[PDB]
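Taking the form deposited in one PDB entry, here's one chain by itself in structure tokens.
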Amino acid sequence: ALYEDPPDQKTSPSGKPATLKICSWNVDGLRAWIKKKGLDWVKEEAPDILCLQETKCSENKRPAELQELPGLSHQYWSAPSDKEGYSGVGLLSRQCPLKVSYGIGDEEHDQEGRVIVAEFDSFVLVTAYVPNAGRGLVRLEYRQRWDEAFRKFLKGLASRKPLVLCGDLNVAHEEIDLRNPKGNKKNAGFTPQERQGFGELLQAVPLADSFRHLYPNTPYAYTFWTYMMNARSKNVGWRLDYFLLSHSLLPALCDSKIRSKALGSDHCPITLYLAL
């Protein structure tokens, strides 16, 4: 059945108003999506920090609109080493960070342009586009390697500041995170492996699935639909885009939103509200 995201709760569990509005979007071609009036949708949602994945854009092919984006002056970008047009993530924010880094500190995993780290006063923000195990599970073995190393990079970070991790994590965590769980229990993003890696990341770092913390039993809540087979219209999809945060931050959690209506990609955008 269809899904309707409830209104934005902009109040913390202790009655404080939200201060920070992070918005993440797997854009699936930075150039297509801009052409598709995506940056329009950004201008109206008005985030403080905007994280994007699947940029598929070279450092010199980025449209000019982006730099001119108001309210998001500090703009950091990572694209892969030698695979032109693959992968790519960005992070834009109204305020300027204290330190920004790229990658997770592992040569094997920092070559496809997938991780940006943005340290602020009161927390650290990590945005990432995770490797898909692949059609035919061709890269599932490597995705076990990435999950393990990403796990311990975040455990590290977490020990020093409150962490917020967002973006496309390329796994549906539980049968409630996708419309066709039985049809997909051995395809990319729903294998016993990928799902055990998500749960291990949650127990080890540790982190909470922000959206599920609030709506732990609401189904058909998705962030991705295959372009094929007019699937978005039928609401057959996968929740692949998360905000994961340290338990420390749960008193600051006001709301975790899924922007189902916003068009421009095969992912829809997601939006986090914090009282900081």
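Residue positions are given as counts along the sequence shown, with the first one as 1.
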Which of the two stretches, 266-274 or 1-9, shows the higher mean Cα temperature factor in the record? 1-9
For the stretches 46-54 and 64-72, which has the higher mean C-alpha B-factor as given in the deposited record? 64-72
Looking at the entry's B-factor column for C-alpha atoms only, identify whether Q111 ranks in the lowest, middle or highest third of its chain. highest
Considering every modelled residue of the chain and its Cα B-factor in the PDB entry, is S101 in the lowest, middle or highest third? middle
Mind checking which third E175 falls in for C-alpha B-factor across the chain? lowest
Looking at the entry's B-factor column for C-alpha atoms only, identify whether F211 ranks in the lowest, middle or highest third of its chain. lowest
CA B-factor placement of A32, once the chain's modelled residues are sorted into thirds: middle
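FYI, the form deposited with a small molecule bound isn't displayed, but the following is about it.
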Out of 48-56, 232-240, 206-214, 30-38, where are the residues with a heavy atom within 4.5 Å of the small molecule in the deposited bound form? 48-56
Answer key: of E84, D121, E200, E108, within 4.5 Å of the small molecule in the deposited bound form (heavy atoms) is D121
Of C23, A262, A252, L20, which one comes within 4.5 Å of the small molecule in the deposited bound form, counting heavy atoms only? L20
How about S93: is it within 4.5 Å of the small molecule in the deposited bound form, going by heavy atoms? yes
